[PDB]
$ cat target_32.pdb   # PDB, C-alpha atoms
ATOM      1  CA  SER A 240     137.474 131.284 153.871  1.00  0.00           C
ATOM      2  CA  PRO A 241     133.695 131.276 154.593  1.00  0.00           C
ATOM      3  CA  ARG A 242     131.098 133.906 155.385  1.00  0.00           C
ATOM      4  CA  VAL A 243     127.430 134.748 155.236  1.00  0.00           C
ATOM      5  CA  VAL A 244     126.521 137.838 153.196  1.00  0.00           C
ATOM      6  CA  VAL A 245     122.949 139.183 153.533  1.00  0.00           C
ATOM      7  CA  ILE A 246     122.039 141.604 150.741  1.00  0.00           C
ATOM      8  CA  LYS A 247     118.858 143.654 150.415  1.00  0.00           C
ATOM      9  CA  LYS A 248     117.733 144.134 146.869  1.00  0.00           C
ATOM     10  CA  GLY A 249     117.660 147.729 145.612  1.00  0.00           C
ATOM     11  CA  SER A 250     115.897 149.407 142.712  1.00  0.00           C
ATOM     12  CA  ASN A 251     118.564 148.084 140.291  1.00  0.00           C
ATOM     13  CA  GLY A 252     119.004 144.647 141.867  1.00  0.00           C
ATOM     14  CA  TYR A 253     121.926 143.586 144.043  1.00  0.00           C
ATOM     15  CA  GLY A 254     124.727 144.858 141.828  1.00  0.00           C
ATOM     16  CA  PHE A 255     126.763 141.786 140.893  1.00  0.00           C
ATOM     17  CA  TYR A 256     127.191 139.222 138.159  1.00  0.00           C
ATOM     18  CA  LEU A 257     127.088 135.472 138.621  1.00  0.00           C
ATOM     19  CA  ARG A 258     128.967 133.063 136.305  1.00  0.00           C
ATOM     20  CA  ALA A 259     130.829 129.763 136.413  1.00  0.00           C
ATOM     21  CA  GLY A 260     134.215 129.763 138.051  1.00  0.00           C
ATOM     22  CA  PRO A 261     137.545 128.315 136.721  1.00  0.00           C
ATOM     23  CA  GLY A 265     130.638 126.371 140.839  1.00  0.00           C
ATOM     24  CA  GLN A 266     129.166 129.866 140.465  1.00  0.00           C
ATOM     25  CA  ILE A 267     131.317 132.853 141.274  1.00  0.00           C
ATOM     26  CA  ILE A 268     130.689 136.606 141.857  1.00  0.00           C
ATOM     27  CA  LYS A 269     132.003 139.034 139.267  1.00  0.00           C
ATOM     28  CA  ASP A 270     132.009 142.719 138.551  1.00  0.00           C
ATOM     29  CA  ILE A 271     130.444 144.068 141.788  1.00  0.00           C
ATOM     30  CA  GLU A 272     129.054 147.520 140.901  1.00  0.00           C
ATOM     31  CA  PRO A 273     130.345 150.468 142.870  1.00  0.00           C
ATOM     32  CA  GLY A 274     127.638 151.920 145.084  1.00  0.00           C
ATOM     33  CA  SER A 275     125.580 148.734 145.028  1.00  0.00           C
ATOM     34  CA  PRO A 276     123.930 146.819 147.822  1.00  0.00           C
ATOM     35  CA  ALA A 277     126.385 144.003 147.105  1.00  0.00           C
ATOM     36  CA  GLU A 278     129.360 146.292 147.609  1.00  0.00           C
ATOM     37  CA  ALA A 279     127.819 147.748 150.845  1.00  0.00           C
ATOM     38  CA  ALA A 280     127.242 144.166 152.130  1.00  0.00           C
ATOM     39  CA  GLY A 281     130.907 143.247 151.629  1.00  0.00           C
ATOM     40  CA  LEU A 282     130.440 140.716 148.857  1.00  0.00           C
ATOM     41  CA  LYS A 283     133.725 140.256 147.013  1.00  0.00           C
ATOM     42  CA  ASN A 284     134.637 139.523 143.401  1.00  0.00           C
ATOM     43  CA  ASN A 285     135.562 135.865 142.947  1.00  0.00           C
ATOM     44  CA  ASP A 286     133.546 134.768 145.953  1.00  0.00           C
ATOM     45  CA  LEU A 287     132.291 131.223 145.358  1.00  0.00           C
ATOM     46  CA  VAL A 288     128.609 130.700 146.161  1.00  0.00           C
ATOM     47  CA  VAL A 289     128.077 127.508 148.172  1.00  0.00           C
ATOM     48  CA  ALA A 290     124.559 128.073 149.460  1.00  0.00           C
ATOM     49  CA  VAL A 291     121.670 130.498 148.880  1.00  0.00           C
ATOM     50  CA  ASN A 292     119.152 131.181 151.650  1.00  0.00           C
ATOM     51  CA  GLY A 293     120.456 128.211 153.591  1.00  0.00           C
ATOM     52  CA  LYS A 294     120.204 125.731 150.767  1.00  0.00           C
ATOM     53  CA  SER A 295     123.237 124.099 149.187  1.00  0.00           C
ATOM     54  CA  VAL A 296     123.963 124.746 145.511  1.00  0.00           C
ATOM     55  CA  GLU A 297     125.853 121.433 145.178  1.00  0.00           C
ATOM     56  CA  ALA A 298     125.470 120.033 141.639  1.00  0.00           C
ATOM     57  CA  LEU A 299     123.007 122.833 140.743  1.00  0.00           C
ATOM     58  CA  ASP A 300     123.627 124.453 137.339  1.00  0.00           C
ATOM     59  CA  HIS A 301     123.942 128.135 136.605  1.00  0.00           C
ATOM     60  CA  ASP A 302     120.238 128.601 135.922  1.00  0.00           C
ATOM     61  CA  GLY A 303     119.319 126.780 139.164  1.00  0.00           C
ATOM     62  CA  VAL A 304     121.517 128.999 141.288  1.00  0.00           C
ATOM     63  CA  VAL A 305     120.186 132.177 139.643  1.00  0.00           C
ATOM     64  CA  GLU A 306     116.610 130.937 140.198  1.00  0.00           C
ATOM     65  CA  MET A 307     117.260 130.236 143.916  1.00  0.00           C
ATOM     66  CA  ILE A 308     118.469 133.830 144.245  1.00  0.00           C
ATOM     67  CA  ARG A 309     115.468 135.252 142.401  1.00  0.00           C
ATOM     68  CA  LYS A 310     113.003 133.111 144.438  1.00  0.00           C
ATOM     69  CA  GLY A 311     114.092 134.905 147.595  1.00  0.00           C
ATOM     70  CA  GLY A 312     112.459 138.097 146.500  1.00  0.00           C
ATOM     71  CA  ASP A 313     113.841 141.310 147.949  1.00  0.00           C
ATOM     72  CA  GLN A 314     116.802 139.795 149.787  1.00  0.00           C
ATOM     73  CA  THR A 315     119.386 137.125 149.312  1.00  0.00           C
ATOM     74  CA  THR A 316     121.610 135.407 151.885  1.00  0.00           C
ATOM     75  CA  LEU A 317     124.764 134.012 150.272  1.00  0.00           C
ATOM     76  CA  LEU A 318     127.145 131.578 151.937  1.00  0.00           C
ATOM     77  CA  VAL A 319     130.430 132.208 150.174  1.00  0.00           C
ATOM     78  CA  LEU A 320     134.070 131.163 150.198  1.00  0.00           C
ATOM     79  CA  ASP A 321     136.502 133.894 149.388  1.00  0.00           C
ATOM     80  CA  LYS A 322     139.218 133.190 146.910  1.00  0.00           C
ATOM     81  CA  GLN A 323     142.200 132.842 149.187  1.00  0.00           C
ATOM     82  CA  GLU A 324     144.861 133.615 146.696  1.00  0.00           C
ATOM     83  CA  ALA A 325     147.062 136.459 147.823  1.00  0.00           C
ATOM     84  CA  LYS A 326     149.095 138.685 145.507  1.00  0.00           C
ATOM     85  CA  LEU A 327     152.358 139.386 147.269  1.00  0.00           C
TER      86      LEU A 327
END

$ encode --input "target_32.pdb" --output "C-alpha cells"
Amino acid sequence: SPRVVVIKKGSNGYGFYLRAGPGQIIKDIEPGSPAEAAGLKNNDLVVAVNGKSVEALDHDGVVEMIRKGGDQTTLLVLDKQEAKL
C-alpha cells in the first residue's frame, strides 16, 4: 500500500535505519523521532526518494539520495501488507 512521507531532519537525523529487505527497507524507527512523527513505519519499502525512483540502485545509492536532500527527505513507500491475525 503506497504513501508519501515527508520528514524534516532534526538535530539527530531522521530517526530510522535503512537496510536491504528480505530493495531498501525501514527498520528500528526511534521513539520521539521525526520519522515516527511523520508516520514512517518499520518494514516500509522505499521505492523513490525526492521523486526519483530507486529501481536497481544499491544500498549506498539510496542512502546518498537521502543525504543529498539536505534537511528534508520525501520517501515514497509501500507498507508491508502482512497482517497478524

$ closest_residue --input "target_32.pdb" --among "A:277, A:288, A:259, A:246" --to "residue 319 in chain A" --atoms "only C-alpha atoms"
A:288

$ atom_distance --input "target_32.pdb" --atom1 "CA of residue 273 in chain A" --atom2 "CA of residue 252 in chain A"
12.8 Å

$ residues_around --input "target_32.pdb" --residues "residue 244 in chain A" --least-positions-apart "2" --cutoff "9 Å" --atoms "only C-alpha atoms" --output "list in words"
residues 242, 246, 277, 280, 281, 282, 315, 316, 317, 318 and 319 of chain A

$ resolve_selection --input "target_32.pdb" --expression "the PyMOL selection byres ((chain A and resi 297-308) around 9)" --output "short mmCIF file (atom, residue, chain, number, x, y, z; two decimals) with C-alpha atoms, in the coordinates of the input"
data_model
loop_
_atom_site.label_atom_id
_atom_site.label_comp_id
_atom_site.auth_asym_id
_atom_site.auth_seq_id
_atom_site.Cartn_x
_atom_site.Cartn_y
_atom_site.Cartn_z
CA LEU A 257 127.09 135.47 138.62
CA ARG A 258 128.97 133.06 136.30
CA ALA A 259 130.83 129.76 136.41
CA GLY A 265 130.64 126.37 140.84
CA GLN A 266 129.17 129.87 140.46
CA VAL A 288 128.61 130.70 146.16
CA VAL A 289 128.08 127.51 148.17
CA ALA A 290 124.56 128.07 149.46
CA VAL A 291 121.67 130.50 148.88
CA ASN A 292 119.15 131.18 151.65
CA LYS A 294 120.20 125.73 150.77
CA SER A 295 123.24 124.10 149.19
CA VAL A 296 123.96 124.75 145.51
CA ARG A 309 115.47 135.25 142.40
CA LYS A 310 113.00 133.11 144.44
CA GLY A 311 114.09 134.90 147.60
CA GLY A 312 112.46 138.10 146.50
CA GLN A 314 116.80 139.79 149.79
CA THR A 315 119.39 137.12 149.31
CA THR A 316 121.61 135.41 151.88
CA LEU A 317 124.76 134.01 150.27
#

$ atom_distance --input "target_32.pdb" --atom1 "CA of residue 324 in chain A" --atom2 "CA of residue 293 in chain A"
25.9 Å

$ closest_residue --input "target_32.pdb" --among "A:268, A:326, A:320, A:275" --to "residue 253 in chain A" --atoms "only C-alpha atoms"
A:275

$ closest_residue --input "target_32.pdb" --among "A:256, A:322, A:261, A:247" --to "residue 285 in chain A" --atoms "only C-alpha atoms"
A:322

$ residues_around --input "target_32.pdb" --residues "residue 278 in chain A" --least-positions-apart "5" --cutoff "9 Å" --atoms "all atoms listed in the file" --output "list in words"
residues 253, 254, 255, 271, 272, 273 and 283 of chain A

$ atom_distance --input "target_32.pdb" --atom1 "CA of residue 270 in chain A" --atom2 "CA of residue 323 in chain A"
17.7 Å

$ axis_aligned_box --input "target_32.pdb" --around "range 276-289 of chain A" --padding-each-side "6 Å" --output "lines of an AutoDock Vina configuration file"
center_x = 129.7
center_y = 137.6
center_z = 147.5
size_x = 23.6
size_y = 32.2
size_z = 21.2

$ decode --input "target_32.pdb" --residues "range 257-291 of chain A" --atoms "N, CA and C atoms" --output "JSON list (two decimals), in the first residue's frame"
[["chain", "number", "residue", "atom", "x", "y", "z"],
["A", 257, "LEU", "N", 18.07, 2.16, 7.54],
["A", 257, "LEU", "CA", 17.80, 1.69, 6.20],
["A", 257, "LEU", "C", 18.69, 0.47, 5.88],
["A", 258, "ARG", "N", 18.06, -0.61, 5.47],
["A", 258, "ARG", "CA", 18.83, -1.83, 5.10],
["A", 258, "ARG", "C", 18.08, -2.64, 4.07],
["A", 259, "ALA", "N", 18.72, -3.61, 3.44],
["A", 259, "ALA", "CA", 18.05, -4.41, 2.43],
["A", 259, "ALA", "C", 16.96, -5.23, 3.03],
["A", 260, "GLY", "N", 15.88, -5.36, 2.27],
["A", 260, "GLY", "CA", 14.75, -6.19, 2.69],
["A", 260, "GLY", "C", 15.02, -7.69, 2.47],
["A", 261, "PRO", "N", 14.04, -8.55, 2.85],
["A", 261, "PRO", "CA", 14.03, -9.99, 2.51],
["A", 261, "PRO", "C", 14.30, -10.26, 1.03],
["A", 265, "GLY", "N", 15.39, -4.57, -2.42],
["A", 265, "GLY", "CA", 15.04, -3.20, -2.10],
["A", 265, "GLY", "C", 15.52, -2.81, -0.72],
["A", 266, "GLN", "N", 15.39, -1.54, -0.38],
["A", 266, "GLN", "CA", 15.78, -0.99, 0.91],
["A", 266, "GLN", "C", 14.55, -0.73, 1.76],
["A", 267, "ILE", "N", 14.61, -1.22, 2.98],
["A", 267, "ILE", "CA", 13.50, -1.17, 3.91],
["A", 267, "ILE", "C", 13.87, -0.35, 5.19],
["A", 268, "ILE", "N", 12.85, 0.24, 5.82],
["A", 268, "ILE", "CA", 12.95, 0.97, 7.07],
["A", 268, "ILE", "C", 13.00, -0.01, 8.21],
["A", 269, "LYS", "N", 13.90, 0.23, 9.13],
["A", 269, "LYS", "CA", 13.96, -0.51, 10.40],
["A", 269, "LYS", "C", 14.18, 0.38, 11.58],
["A", 270, "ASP", "N", 13.71, -0.11, 12.73],
["A", 270, "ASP", "CA", 14.08, 0.44, 14.03],
["A", 270, "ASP", "C", 13.83, 1.96, 14.13],
["A", 271, "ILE", "N", 12.64, 2.40, 13.75],
["A", 271, "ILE", "CA", 12.25, 3.81, 13.94],
["A", 271, "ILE", "C", 12.42, 4.16, 15.43],
["A", 272, "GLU", "N", 13.07, 5.28, 15.69],
["A", 272, "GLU", "CA", 13.36, 5.68, 17.09],
["A", 272, "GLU", "C", 12.16, 6.43, 17.68],
["A", 273, "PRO", "N", 11.77, 6.06, 18.90],
["A", 273, "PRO", "CA", 10.67, 6.75, 19.50],
["A", 273, "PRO", "C", 11.01, 8.22, 19.69],
["A", 274, "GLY", "N", 10.06, 9.10, 19.43],
["A", 274, "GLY", "CA", 10.32, 10.52, 19.56],
["A", 274, "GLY", "C", 11.04, 11.20, 18.41],
["A", 275, "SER", "N", 11.23, 10.44, 17.32],
["A", 275, "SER", "CA", 11.96, 10.94, 16.17],
["A", 275, "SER", "C", 11.06, 11.63, 15.17],
["A", 276, "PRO", "N", 11.69, 12.44, 14.28],
["A", 276, "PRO", "CA", 10.92, 12.98, 13.17],
["A", 276, "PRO", "C", 10.26, 11.90, 12.30],
["A", 277, "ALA", "N", 10.94, 10.79, 12.11],
["A", 277, "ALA", "CA", 10.39, 9.69, 11.34],
["A", 277, "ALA", "C", 9.13, 9.12, 11.95],
["A", 278, "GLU", "N", 9.16, 8.92, 13.28],
["A", 278, "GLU", "CA", 7.96, 8.46, 13.97],
["A", 278, "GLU", "C", 6.84, 9.52, 13.85],
["A", 279, "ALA", "N", 7.15, 10.78, 14.07],
["A", 279, "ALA", "CA", 6.11, 11.86, 13.98],
["A", 279, "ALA", "C", 5.52, 11.94, 12.58],
["A", 280, "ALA", "N", 6.29, 11.62, 11.56],
["A", 280, "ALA", "CA", 5.85, 11.68, 10.15],
["A", 280, "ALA", "C", 5.07, 10.46, 9.72],
["A", 281, "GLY", "N", 4.95, 9.47, 10.59],
["A", 281, "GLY", "CA", 4.21, 8.24, 10.27],
["A", 281, "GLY", "C", 4.92, 7.26, 9.38],
["A", 282, "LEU", "N", 6.24, 7.34, 9.31],
["A", 282, "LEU", "CA", 7.01, 6.26, 8.68],
["A", 282, "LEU", "C", 6.76, 5.01, 9.51],
["A", 283, "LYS", "N", 6.81, 3.86, 8.86],
["A", 283, "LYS", "CA", 6.60, 2.59, 9.55],
["A", 283, "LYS", "C", 7.76, 1.62, 9.32],
["A", 284, "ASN", "N", 8.12, 0.86, 10.35],
["A", 284, "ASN", "CA", 9.04, -0.25, 10.18],
["A", 284, "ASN", "C", 8.56, -1.16, 9.05],
["A", 285, "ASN", "N", 9.51, -1.67, 8.28],
["A", 285, "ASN", "CA", 9.31, -2.52, 7.15],
["A", 285, "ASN", "C", 8.76, -1.86, 5.89],
["A", 286, "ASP", "N", 8.58, -0.54, 5.94],
["A", 286, "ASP", "CA", 8.22, 0.21, 4.76],
["A", 286, "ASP", "C", 9.32, 0.04, 3.73],
["A", 287, "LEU", "N", 8.94, -0.21, 2.48],
["A", 287, "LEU", "CA", 9.86, -0.40, 1.38],
["A", 287, "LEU", "C", 10.00, 0.93, 0.62],
["A", 288, "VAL", "N", 11.22, 1.43, 0.47],
["A", 288, "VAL", "CA", 11.45, 2.69, -0.18],
["A", 288, "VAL", "C", 11.51, 2.47, -1.70],
["A", 289, "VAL", "N", 10.59, 3.11, -2.44],
["A", 289, "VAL", "CA", 10.54, 2.99, -3.87],
["A", 289, "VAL", "C", 10.96, 4.26, -4.62],
["A", 290, "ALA", "N", 10.96, 5.39, -3.95],
["A", 290, "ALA", "CA", 11.51, 6.60, -4.53],
["A", 290, "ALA", "C", 11.92, 7.53, -3.40],
["A", 291, "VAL", "N", 12.86, 8.42, -3.69],
["A", 291, "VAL", "CA", 13.38, 9.41, -2.76],
["A", 291, "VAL", "C", 13.37, 10.75, -3.47]]
